[PDB]
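Peer 1: no sequence for this one, just the structure:
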Ligand SMILES: N=C(N)NCCC[C@H](NC(=O)c1cccc(O)c1O)C(=O)N[C@@H](CO)C(=O)O
Ligand SMILES: N=C(N)NCCC[C@H](NC(=O)c1cccc(O)c1O)C(=O)N[C@@H](CO)C(=O)O
Ligand SMILES: N=C(N)NCCC[C@H](NC(=O)c1cccc(O)c1O)C(=O)N[C@@H](CO)C(=O)O
Ligand SMILES: N=C(N)NCCC[C@H](NC(=O)c1cccc(O)c1O)C(=O)N[C@@H](CO)C(=O)O
Ligand SMILES: N=C(N)NCCC[C@H](NC(=O)c1cccc(O)c1O)C(=O)N[C@@H](CO)C(=O)O
Ligand SMILES: N=C(N)NCCC[C@H](NC(=O)c1cccc(O)c1O)C(=O)N[C@@H](CO)C(=O)O
Ligand SMILES: [Fe+3]
Ligand SMILES: [Fe+3]
């Protein structure tokens, strides 16, 4: 028996071969456990990975065309999941997130699955990454019978994060830069999405930054108005995005199929927006892009390192997140690293 | 045949295997006797431990999931206890508290149990901790056939308290700091709950402090108005709480699943309240948090030591309650110590 | 899963909670991994730490009185270990030394444990400190699930040794001082115990000294006669001891409860002995004391540094092994550094 991220006790199956993914991008945690057979045990998933991660999807499709045949239990919202299609896949485990584009701990689907005798496991990389990322992997390890892969990934993660925290944990508040992170910058109806005490806010905290929205918001995610950002005028501006290169919608292009040029050009569009473009951080060139999906992925150690290099460039001169990324892929994954997951403004 | 804390003679069962807990948090006294098999002999308990100690509960659940199946004889009040459900558990002993969220010496349930041939034992950690804590453990030892564990715990307790009283018993009244303790600070409808001649007041007395409410109240618990506190303007302010980290209700977060940062941030909210924030003690930083449930637990030596170290920081520089706790857990308990049971203001 | 110091493969246990120490002073390696909970996972140990390290023992007892209740599997010799008492502690791992006052790789007890399904790990700080100290810590890290602590300690050790080797690695052999180390000087029946190509000899080598016994002895430990020492007449004389202050037996007083004046007075007795007192090194004041138990401890970087400062006083005038010890204690241990681990003759 194990305790999940919702505090609930789950009886670990003896053998698992039919994993249901409540949120598609929970695949990222699964991918670190499944080695060269990533999709072998996935009976179905939320459509967020396929529809909101088109780049990483296409790369896996070229090497594994059977990914197109994994059933989509819904689109990009918990309310679009048919509980009927879910139950006919006869899952032997369901992995859900405390928050996100999939069902939460109190949804009806979770209760249906409990009535059907299906174990449900709650993880979290999104609400409280700092508290939950490593415990989530430990748990996934136990319930999916990949304790070795999980323990290997925890050691890798802790080591690569400790490279940052051993420095930034001793830095006093008055030496820290103020930071604003604009999630899916340019791409929301109303500006500006950001993170509070949670989500990418945890990364700012760890990397020794001072999140200007920490005390503006009650939750992990929320909204702050453009004028409030301008008025606080923070040291460092960061925009998140995951837009595909050939997508004429607004936002920052980052991901497996994005070149540095495309990333630099599309970040610049984001930085050229009225108001944003007068920020001290933008004018001083302390303006950056981070790949959005790190907001819900145990690969988030890559962002924590990118933030640290941006927050204290010389103290982390020697640290290279591309090498962390390469090590991650070679040790754990079944595809080759490509594209641009972070960018600095020209 | 032995004398309980209500002065009543009780017959020690030849063998006990079905313990009824009048107040759930009386478990704390039982836990010191049951070693690695904490829940083996509990037939049922008041729901206060499960509902008002969610953190310590969850930790025991992760290691012992059978705790969820122990029957709840009521919620959090003596009046919600069904005497019928109690009697069908066929207890062979019932442990009750002279005061608290469970039946007292004159309740009907106590009389019913006497008619049913069931021995009832009264303990006390709440009304008169100083008089009653050690005698209570001695008695529980005898009636539960754990005399060794009890005598071991008494020696540990006396030794760890003597570390304080050796010093504070010789301090004259006029050199003692004035102290106000605000129980469940921030979390009551009407401010401010506190302790008089009894409860945490006994801890203030032992730790060489001067409880400003000692003479304002007739009983162990009561209420003093905010303005009375402001006017007395005591040297030292202490707030008690046991709020879970992820609980948006008002109060201080302390317990097994609370990090120091969380305790400090939530203590600060408590200290930022109108009136409280102008106290000399708050401005001077002599402001502290203590875990509420020490108000009814033989682990109360941890608070006594935390009080003495706040009352005389250099005389108790060398005393460390986190070790006293770690020694307590390793010697007596079946879980690992985690979280924050005491905090100092930043 | 891992290769120990005897070349044997040991399967890393999933969880360890019952560590058996073949030699008590192997605790020193464990202490670097267990943080503030040093004795939490020790089921039992050889009595050498308690009986041959009375000072370090007493310091840990004053903070942790539960250390007295850890079972002693024997006295100070492998032949006094009851294999029966060992097996009834149901260890889940046993840590043994290639050499010392506990069982070796060919003992019966090692075979018994293999029959019982208990993993055995061989470490070494004693025979071949230079080859084995860091590999031993790496291994202990993996099998005890304290990889972080281990990697932290290795980095600390390598850095603090590099402070010496950066200088002594470029000194040519003909400029190096001849050195004799007399182990447990004054305290043996027959003079003079010393180290050959191993044990404290490795420290002499690293610190840029020339061990006069290197080629007189086949093993790590052995004996050279007084007259051979007198005839070689080495540049530098070093005596090891660990005698308690209030012990009027012969030997050097060094350890956690020893003052510099007691270490100087007792070293002087050792240097006033017939034969020894005519050494050029003694007359010239190049005579020193080192704490014996460094002969089997990963804290041995303190002796390497103390030796280099004795071998090349001005080249290492800026090096302070006391600051190193303090960085060691504060970073890794649960007690406060006290006493005298090294002394110079007046
Ligand atoms: N397409 C929708 N209508 N909703 C998306 C579902 C989840 C929702 N997401 C966000 O608020 C969000 C904010 C910034 C950046 C992102 O990538 C986001 O997905 C959400 O978070 N809902 C909360 C509240 O219900 C939750 O799930 O607890
Ligand atoms: N809670 C909401 N109603 N909207 C915020 C989230 C929903 C939607 N999200 C995305 O399009 C998205 C894309 C990639 C990765 C993600 O995690 C995403 O959430 C969204 O942003 N809607 C915008 C309008 O498009 C909005 O609602 O402001
Ligand atoms: N929800 C209720 N009505 N009562 C709760 C339990 C009984 C009551 N408790 C307290 O007054 C109390 C006060 C401060 C802090 C605490 O943690 C408390 O539990 C109570 O004690 N009643 C008294 C008077 O009869 C008693 O039982 O002796
Ligand atoms: N005698 C009373 N009427 N109130 C005092 C106790 C009743 C209640 N207590 C708790 O919720 C509680 C929680 C954790 C631990 C405890 O020991 C508790 O007693 C209480 O405080 N009610 C509040 C309103 O919430 C109040 O009295 O204002
Ligand atoms: N107490 C005993 N009678 N024997 C102890 C056995 C270990 C023995 N140790 C030493 O010879 C020694 C020499 C100098 C200084 C020390 O602190 C020592 O402990 C020993 O090493 N024996 C050999 C051969 O059996 C070995 O263990 O390899
Ligand atoms: N192999 C042997 N027979 N003797 C050498 C070691 C045995 C004994 N050891 C100790 O007293 C001792 C004390 C502290 C730390 C250690 O590592 C120790 O070994 C010893 O030295 N006996 C002497 C008699 O005085 C001797 O053999 O000369
Ligand atoms: Fe999203
Ligand atoms: Fe209460």
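Peer 2: Perfect, I can see it now. Residues are numbered from 1 along each chain as shown, chains lettered A, B, ... in the order given. Ligands and ions are numbered 1, 2, ... in the order given.
Peer 1: residue ranges of the strands in chain A, please?
Peer 2: In chain A, the segments counted as strands under DSSP state E are A:2-3, A:9-10, A:19-21, A:42-45, A:93-97, A:120-123, A:178-182, A:193-195, A:210-211, A:221-223, A:236-241, A:287-291, A:342-344.
Peer 1: With distance to residue C:109 as extra columns, can I get these in a markdown table?
Peer 2: For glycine as for every other residue, the C-beta is placed from the backbone atoms N, C-alpha and C. Compiled in a markdown table, the strands of chain A are given as follows (distance: least, C-beta to C-beta, whole Å):
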| stretch | distance to residue C:109 |
| --- | --- |
| strand A:2-3 | 36 |
| strand A:9-10 | 41 |
| strand A:19-21 | 46 |
| strand A:42-45 | 50 |
| strand A:93-97 | 44 |
| strand A:120-123 | 43 |
| strand A:178-182 | 59 |
| strand A:193-195 | 57 |
| strand A:210-211 | 57 |
| strand A:221-223 | 59 |
| strand A:236-241 | 60 |
| strand A:287-291 | 56 |
| strand A:342-344 | 56 |
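Peer 1: closest to residue C:302 out of those strands?
Peer 2: strand A:210-211 (40.1 Å; C-beta to C-beta).
Peer 1: Residue of chain A nearest ligand 5, please.
Peer 2: residue A:155 (34.8 Å; C-beta to the nearest ligand atom).
Peer 1: Which residues are in contact with that residue?
Peer 2: residue C:147 (C-beta atoms under 8 Å, 6 or more residues apart in numbering or on different chains).
Peer 1: and if you look at residue A:244?
Peer 2: A:54, A:55, A:253, A:255, A:257, A:258.
Peer 1: Who wins on neighbours among the residues you listed?
Peer 2: Neighbour counts for those (other C-beta atoms under 10 Å in any protein chain shown) peak at residue A:253, which has 29 neighbours.
Peer 1: for the strands of chain A, which one sits closest to chain C?
Peer 2: strand A:2-3 (13.3 Å; C-beta to the nearest C-beta).
Peer 1: Just name whatever secondary elements that closest one is in contact with.
Peer 2: Here strand A:2-3 touches strand A:9-10, helix A:129-144, helix B:54-63, going by 3 or more C-beta pairs under 8 Å, 6 or more residues apart in numbering or on different chains; DSSP states H and E.
Peer 1: any chance of these in CSV, plus distance to ligand 2?
Peer 2: What follows is the helices and strands packed on strand A:2-3, written out as CSV (distance: least, C-beta to the nearest ligand atom, whole Å):
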stretch, distance to ligand 2
strand A:9-10, 26
helix A:129-144, 14
helix B:54-63, 30
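Peer 1: Tell me which of these is the most buried.
Peer 2: Each of the helices and strands packed on strand A:2-3 was scored by mean neighbour count; the highest is helix A:129-144, a mean of 21, by mean count of other C-beta atoms under 10 Å in any protein chain shown.
Peer 1: chain center to it, what's the gap?
Peer 2: Counting by C-alpha atoms, centre = their mean, to the nearest Å, helix A:129-144 is centred 14 Å from the centre of its parent chain.
Peer 1: how about that helix, does it get close to chain C?
Peer 2: No. On the criterion C-beta under 8 Å from any C-beta of the partner chain, helix A:129-144 is out of touch with chain C, staying 10.3 Å away.
Peer 1: which helices and strands sit right next to that helix?
Peer 2: For helix A:129-144, the elements it packs on are strand A:2-3, helix A:27-31, strand A:93-97, strand A:120-123, helix A:147-168, helix A:200-206, judged by 3+ C-beta pairs under 8 Å, 6+ apart.
Peer 1: who's in contact with it?
Peer 2: Contacting residues not belonging to helix A:129-144 are listed as A:2-5, A:10, A:12-13, A:16, A:19, A:29-30, A:32-33, A:41, A:93, A:95, A:98, A:119, A:121, A:123-125, A:146-151, A:153-154, A:157-158, A:198-199, A:202-203, A:205-206, A:298, A:300 [C-beta under 8 Å, 6+ apart].
Peer 1: just to revisit the earlier point, for the residue of chain A closest to ligand 5, give its distance to ligand 1.
Peer 2: Distance of residue A:155 to ligand 1, given as C-beta to the nearest ligand atom, to the nearest Å: 29 Å.
Peer 1: Same question for residue A:166.
Peer 2: Using C-beta to the nearest ligand atom, residue A:166 is found at 30 Å from ligand 1.
Peer 1: for ligand 3, what are the nearby residues on chain A?
Peer 2: Contact residues (C-beta under 6 Å from any ligand atom) of chain A with ligand 3: there are none.
Peer 1: which residues touch the closest residue to ligand 3 within chain A?
Peer 2: Residue nearest to ligand 3 within chain A (C-beta to the nearest ligand atom): residue A:7, separated by 23.6 Å. Going by C-beta under 8 Å, 6+ apart, residue A:7 touches residue B:58.
Peer 1: Next, it: phi, psi?
Peer 2: The phi/psi pair for residue A:7 (degrees, to the nearest 10) reads phi 80, psi 0.
Peer 1: Quick check: it vs ligand 4, distance?
Peer 2: Taking C-beta to the nearest ligand atom as the measure, residue A:7 falls 18 Å from ligand 4.
Peer 1: Kindly report the same for residue A:158.
Peer 2: 36 Å.
Peer 1: Give me the spatial nearest neighbour of that residue, chain neighbours excluded.
Peer 2: Leaving aside its chain neighbours, residue A:158 sits nearest to residue C:148 (6.1 Å; criterion: C-beta to C-beta, 6 or more residues apart in numbering or on different chains).
Peer 1: got it, and residue A:52?
Peer 2: Ranked by C-beta to C-beta, 6+ apart and with sequence neighbours excluded, the top spatial neighbour of residue A:52 is residue A:76, at 6.0 Å.
Peer 1: now do residue A:164
Peer 2: Per C-beta to C-beta, 6+ apart, closest to residue A:164 is residue A:308, 4.4 Å.
Peer 1: what does residue A:302 give?
Peer 2: residue A:321 (5.0 Å).
Peer 1: ditto for residue A:48
Peer 2: Among residues not flanking residue A:48 along the chain, residue A:24 sits closest, at 4.2 Å (C-beta to C-beta, 6+ apart).
Peer 1: Show me what from chain A comes close to ligand 1.
Peer 2: By C-beta under 6 Å from any ligand atom, the residues of chain A that approach ligand 1 are A:76, A:77, A:99, A:100, A:101, A:183, A:184, A:193, A:221, A:295.
Peer 1: tell me which of those residues is nearest to ligand 4?
Peer 2: Comparing these against ligand 4 with C-beta to the nearest ligand atom places residue A:99 closest, at 27.7 Å.
Peer 1: Contact partners for that closest one?
Peer 2: Contacts of residue A:99 by C-beta under 8 Å, 6+ apart are A:124, A:126, A:127, A:220.
Peer 1: redo that, cut-off 7 Å
Peer 2: The contact partners of residue A:99, by C-beta atoms under 7 Å, 6 or more residues apart in numbering or on different chains, come to A:126, A:127.
Peer 1: Backbone torsions only: list them for it.
Peer 2: phi -140, psi 170.
Peer 1: Please give me every residue in contact with the residue nearest to residue A:164.
Peer 2: Residue A:308 neighbours (C-beta under 7 Å, 6+ apart): A:164, A:168, A:207, A:208, A:316, A:319.
Peer 1: ok, it to residue C:129 distance?
Peer 2: Distance, residue A:308 to residue C:129, by C-beta to C-beta, to the nearest Å: 37 Å.
Peer 1: what's the answer for residue A:290, then?
Peer 2: 47 Å.
Peer 1: quick one on the thing from earlier: count of residues packed around the residue nearest to residue A:158?
Peer 2: 14.
Peer 1: for residue A:320, same thing?
Peer 2: 12.
Peer 1: For it, what are phi and psi?
Peer 2: Backbone dihedrals for residue A:320, given as degrees, to the nearest 10, come out at phi -130, psi 110.
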